[PDB]
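To start, the structure under review is shown below, and the notes come after it.
Residue numbers (full-length UniProt numbering), protein chains in the order written: chain A, 1 to 223; chain B, 1 to 237; chain C, 8 to 73, 102 to 114, 126 to 162, 186 to 291; chain D, 148 to 417, 533 to 557, 566 to 620.
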């Protein structure tokens, strides 16, 4: 869980970030609230334009799924009723997969969730709470649950998991499970053991994120 | 050092105390609970302020959101019957400036402004689900208006925090450091726009370069010394 | 007229009979679901009422206070649909406010009213702009003081407004009005749907039981 | 209206001067004066209302049962008990559907220790003895939203209040976001208010345990609100204002509608010939000619599955699929339609 992030790296965007876990590096940018296109307009709430760009080649249907899952996480996080008939552009440029993209998209999704959240924080957009996402995997010979697995570990995995939780009260109370994307062969006992260990490492991540956010933003503010 | 807060954290103040909610603080229409939605430093006004305490969160932002009683710098971009279409900030929703509200206003009388002009304007009304309205003369102004066209000069992009500090904080040395070198006028907008003019372009340019450098570093100490190197470089020719 | 299908002949344009030593003239008028079509047969032309819909044939006739008897021949559905009952001038409709700007209030038609009630619902999607959009001008909001009308205090985004059609307008927007007692905001929630249910206590005021907050609107007379 | 009480405890001005026929002025007509108007103006407030003090929480709801008071004896015991307090909380329930002016159906009274529920129907002619305590100025009487209740005590029971503290004025003076009484219960007692019981007439007995429970909770909530008002108001320099408002609420005397003052104040409550028939006849003929002249399904491939009637299934405890009756769907629909239409009509907002 030795992640590293930077905040406010882009000039022509309201907010930006660069999240790095292992070899997975994703840069994200957020502009909003701004004027929306007519087809995007929502009478009462904020409209989200979510874009995911791959590390190699052009955006395909694969990234279209990454956009969809990332939408399921960011939508309830943002206090959308504060910005009626308005738009918020959220762009993720995956710079380095950190995994075999022909087989997995686990680490890229988690890194996009964490980066998007950080970019939303930087942009100063109304959020109902905080959030953290981690990738998890299981190995058949080992029987182990490995949090933040490497690319080599994924190759020999039986199941891959993306867990993103919603935290409140100083990152101590799990408000809800924003996203759990479990793929592969697994049983009910493995699922809850995954959720128990997953919640712990997620809570540790929020604490680390809270540290990063305060370290970067506080110099900008005044005492 | 300050007491930082994050969205979804517990709100310190007790419901038994009447609290006026400012920026960053949100009152849920469904559960009636008061909760912070922005990330930054929580500021709570001292008690005794007419029995009402004002609590808000100072958070970093650069995308302006129109609020009533704000002095802003807009650019005319449009013509509509009964008003000007003015843009506070790029890609943001346009604001309206009625033909009615001007310094020596008349319904018959009309403004001479031409699309592309900078206006020092006050935002009297900012409905959340409706286009922003900007007025050059305000009833609050009560017969005194600083509102109107800005001629020539140079405009500068600046984050909302830096602009707010430049407008409301008198301890901000930026104006002073620029006064000990040359004399010029400045318009300050809460929408993150700063208008600077001098008699000579080289001085306005020097001011432009200083404000950006000081906005970038955000180190209060640097500017007087930072300004000194900037003034010198212009004469380098 | 047991059965009606599109293209089936119903009756000639005129009819007659003999009652009480006097000949009564029946003037058949093409109503909704029918149309006068000129056919040819035996060399001589002929105009006959033809059903254009599938359903049970119905007729109506009437004299009002404000020998030939005028009969109205029509065809009703036999077995919901917003097709045959498309919004025309004078019709009352239920629409939802999509956007507000100072100049006008904009709503999309969701359903249509009928005379003694019942309703017709548009099956179109509001997500794809498939619904017929309309416009309520500021001077068509209410009847009294139409010069000084604040839109923000009459409607809100998401409000369900019962309005009446003034004209078809262009292909983009219908033109509606709410300048009657039984017209205006009918269904609404506090804070644009972020709050609880609000009922029309006053004709100009909306009140909510749990919220404890009152928001003004141009509501229909309760 | 002729006041119903011949006994006036805690009196500063004999009941005599109280029973005085006033003349008819231009502003208002003749009518009896509020009997305790004097004492409400003169009698000193208990000096303990005046100090900021640590708050006393409500008793835990479950350490006690509400005390039902419907005999003269229970009432007298209750009276002896209230005589021992320094403050009490009071509320009423009023019914106006099956009565012209209305009748007082219940009285709720709480001490720091216990909650009382008084059958004001059975004890209508008995309740005046509470004037001992209700007009004792050294015992605070805490009401929320009592401006009407003051009138009704008068009208029905002949009861008056000297030493009133109204938490509604307290809430306003403090500038709280919601005046509502439940708000206090919701935030301080962690108790969720229920609307439905009030709307239906409260006359029916025995009273429902749920229907008892809200009243039991409500008095405690009111007491808590009063406590909140007492210390913050003192702190805020606003207590004097609330006692003034409270005396104005207490001061007013109910009057008959005919006798009500002229200026309504908050002090008092009260052509076709052309086509031939023959020519048309020919039309009927040619039509009959035209009309007269005009005069199994099996599925090869997708005919079987595409137009399949909608069926529903419900898995039981054993995990076996059960076909919902085609009939069942219709029955729910009829019932659902019934439920909304009957259901829709009634709603009361306070």
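Beta carbons: idealized from backbone N, C-alpha and C, even for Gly.
- Task: Check residue 141(C) in the structure and name its three-state DSSP category.
- Result: strand
- Where do the N-terminal and C-terminal ends of the alpha helix (DSSP H) with residue 165(D) fall, by residue? Where residue 165(D) is concerned, the enclosing alpha helix (DSSP H) starts and stops at 162–165.
- Task: Let me know the secondary structure DSSP gives residue 556(D) once reduced to three states.
- Result: helix
- Message: For a contact defined as C-beta to C-beta under 8 Å, what are the partners of residue 145(C) on chain A?
- Response: 41, 43, 85
- So which residues of chain C does residue 81(A) contact, with C-beta pairs closer than 9 Å? By Cβ distance, chain C contributes 260, 261, 262, 263.
- Query: If you scan the region 93–151 of chain A from start to end, which runs of the beta strand (DSSP E) of 3 or more residues do you find wholly inside it?
  - Reply: 130–138, 145–147
- Message: Taking 8 Å as the limit between beta carbons, can you name the residues of its chain near residue 417(D), skipping five residues before and five after?
- Response: 401, 402, 403, 404, 406, 407
- Message: In whole angstroms, give me the CA-to-CA distance for residue 172(D) and residue 411(D).
- Response: The alpha-carbon atoms of residue 172(D) and residue 411(D) are separated by roughly 15 Å.
- Item | Top-ranked residue by Cα proximity to residue 22(B), from 6(B), 228(B), 44(B), 33(B) | 44(B)
- Query: In angstroms, rounded to a whole number, what distance separates the CA positions of residue 213(A) and residue 67(B)?
  - Reply: Rounded to the nearest angstrom, the two C-alpha atoms are 27 Å apart.
- Query: Rounded C-beta distance between residue 90(C) and residue 219(A)? I'm assuming under 8 Å.
  - Reply: The model of chain C omits the segment between 73 and 102, and residue 90(C) is among the residues lacking coordinates.
- Query: Going along chain D in order, which residues have a C-beta closer than 9 Å to the C-beta of residue 21(C)?
  - Reply: Within chain D, the residues 537, 541, 542, 545, 546 have their CB atoms less than 9 Å from the CB of residue 21(C), given in chain order.
- Does the distance from the C-beta atom of residue 181(A) to that of residue 150(A) stay below 7 Å? No.
- Query: Is DSSP giving residue 368(D) helix, strand or coil here?
  - Reply: helix
- Task: Decide yes or no for the touch test of the region 265–283 of chain D against the region 326–343 of chain D: beta carbon pairs closer than 8 Å, at least 3 of them.
- Result: In this structure the region 265–283 of chain D does not lie against the region 326–343 of chain D, because fewer than three pairs of beta carbons, one per stretch, are closer than 8 Å.
- Host alpha helix (DSSP H) of residue 281(D) (start-end): Here the alpha helix (DSSP H) through residue 281(D) covers 278–281.
- Task: With DSSP collapsed to three states, give me the class of residue 274(C).
- Result: strand
- Query: What is the DSSP secondary structure of residue 36(C), reduced to helix, strand or coil?
  - Reply: strand
- Closest Cβ-Cβ distance between residue 327(D) and chain C: below 7 Å? Closer than 7 Å to some Cβ of chain C, the Cβ of residue 327(D) qualifies, so yes.
- Query: Are at least three pairs of beta-carbons, each pair with one atom in the region 188–204 of chain D and one in the region 235–243 of chain D, less than 8 Å apart?
  - Reply: no
- Query: Beta-carbon of residue 43(C) versus every beta-carbon of chain D: anything under 7 Å?
  - Reply: no
- Check each residue of the region 219–253 of chain C: if its Cβ is closer than 7 Å to any Cβ of chain A, include it; give the result in chain order. 226, 227
- Query: On the premise that residue 16(A) lies in contact with residue 30(A), defined as a C-beta separation below 8 Å, what is that separation, rounded to the nearest angstrom?
  - Reply: 7 Å
- Message: Give me, in chain order, the residues of the same chain whose beta-carbon lies closer than 6 Å to that of residue 284(C); leave out the 5 immediate sequence neighbours on both sides.
- Response: So the list reads 275, once near-sequence residues are dropped.
- Item | Nearest-angstrom Cα separation, counted from residue 533(D) out to residue 539(D) | Per the coordinates, the alpha-carbon of residue 539(D) lies some 14 Å from the alpha-carbon of residue 533(D).
- Item | residue 130(B) at chain C interface by Cβ criterion, 7 Å | yes
- Task: Classify residue 90(A) as helix, strand or coil using the three-state DSSP reduction.
- Result: DSSP, reduced to helix, strand and coil, places residue 90(A) within a strand of the structure shown.
- Task: Flag residue 208(A) as yes if its beta-carbon sits less than 7 Å from any beta-carbon of chain B, otherwise no.
- Result: no
- Query: Hey, quick one: how far does the beta strand (DSSP E) through residue 252(D) stretch, first residue to last?
  - Reply: 250–257
- Message: Could you check whether residue 157(A) and residue 135(A) sit closer than 7 Å to each other, using their CB atoms as the reference points?
- Response: no
- Task: Specify the secondary structure class of residue 15(A) as computed by DSSP and reduced to three states.
- Result: strand
- Query: At a Cβ cut of 7 Å, what residues of the region 125–152 of chain A count as close to chain B, listed as they run along the chain?
  - Reply: Considering only beta carbons, the part of the region 125–152 of chain A lying closer than 7 Å to chain B consists of 126, 127, 128, 129, 130, in chain order.
- If you measure beta-carbon to beta-carbon, which residues of the UniProt domain "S1 motif" (67–137) of chain B are closer than 8 Å to chain A? 91, 92, 93, 94, 128, 129
- Message: Against chain C, does residue 619(D) count as a neighbour if the rule is that its beta carbon must be under 7 Å from one of theirs?
- Response: Interface residue, yes.
- Query: With a Cβ-Cβ cutoff of 7 Å, do residue 51(B) and residue 119(B) count as a contact?
  - Reply: no
- Message: I'd like to check one pair, residue 116(A) with residue 94(A): are the Cβ atoms closer than 7 Å?
- Response: no
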